[PDB]
């Protein structure tokens, strides 16, 4: 029942500083513009030890399935091929992505009725707020 509070169907309702975050990641102009429009839905489910996060948008659909603490390969919406490890730290899902000698951390937490996603690349944070769909 670990991530039970994350389970469900979520829709992006607000974003802050996402363009700057993408710039810091290395996303190019066209992908930044198109990705920045999107209002993804995220579907989170758990089956035994396997957590699945599916994201659907006009731009791209993504999907990751993983076991906490166990590194896996991930294709991001901006098409990076990364090595990802996701843990739980005090009720927060902590997701580290490594590629090309770079690293970014995405933290997901429940706050009131929202699922708040903080994406950090060096000194730059973007906050992406989801509500139940």
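The term rigid core refers to the maximal set of C-alpha atoms that superpose within 1.5 Å between the two forms. Residue numbers count along the first chain shown, from 1.
With every structure aligned by its rigid core, 75-83 is the stretch of 75-83 and 49-57 whose CA positions lie farther away in 8 other deposited structures of this protein. Here 1-9 and 122-130 are compared by their mean Cα B-factor, and 1-9 comes out higher.
If you average the C-alpha B-factors over 63-71 and over 98-106, the higher value belongs to 98-106.
The PDB entry assigns the greatest CA B-factor among 41, 84, 45, 87 to 41.
Per-chain ranking of the deposited C-alpha B factor places residue 77 in the highest third. Per the PDB record, residue ranking by Cα B-factor puts residue 57 in the highest third of the chain. Sort the modelled residues of the chain by CA B factor and residue 25 lands in the highest third.
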